[PDB]
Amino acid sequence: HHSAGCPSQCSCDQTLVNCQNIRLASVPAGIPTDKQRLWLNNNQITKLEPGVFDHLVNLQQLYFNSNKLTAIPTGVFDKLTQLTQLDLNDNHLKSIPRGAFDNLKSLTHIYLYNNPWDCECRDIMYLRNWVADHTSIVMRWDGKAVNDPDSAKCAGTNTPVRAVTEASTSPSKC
């Protein structure tokens, strides 16, 4: 008999696929394409499969904070041209691949804080430049969203990623 599109581990609103807080180790199959909001935060997702969000073209809000991501496939957000809010805080990200955010032209809020950004490695230069060119959308949460471009910080030293000088980075320390 006919059932709803919703992943069975998750809960669904008219506008929201709520998959937060359910100890997921991977992104569930069958996320409906007509929803504008996806919460995958506070899980234990360690990887994003290439192509996972490609059909989710109407998505406006994607929360993926407090997971265990160590890398982002370069083209993973390519189809999310409507996306206005993206939360990646509290993952294990070390850098963003060059051009990863190229197609995210509607973003008003991106959250990047509490990731071990590796500022000794020259791969950090894409994120450095991107933050520096989009400071008005870099946000941290403190009750409400607060615009703070210094909130993406280098692992260990806590210096802002956007202040990193290329000369302090190395291509062989990666």
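One-based numbering along the sequence shown.
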*If you average the Cα B factors in the entry, which is higher, 56-64 or 144-152?*
144-152
*Of 24-32 and 130-138, the stretch whose C-alpha atoms average the higher B-factor in the entry*: 24-32
*Which one, 107, 48, 124, 38, has the peak C-alpha temperature factor per the PDB entry?*
48
*Taking the values exactly as deposited, rank residue 9 by C-alpha B-factor within its chain and report the matching third: lowest, middle or highest.*
highest
*asked:* Taking only the Cα B-factors deposited for this chain, tell me whether residue 165 sits in the lowest, middle or highest third.
replied: highest
*Consider only the C-alpha atoms of the modelled residues in this chain, order them by B-factor as the entry records it, and name the third containing residue 15: lowest, middle or highest.*
highest
*Comparing residue 80 with the other modelled residues of its chain, is its CA B-factor in the lowest, middle or highest third?*
middle
*Among the chain's modelled residues, which third holds the C-alpha B-factor of residue 86?*
lowest
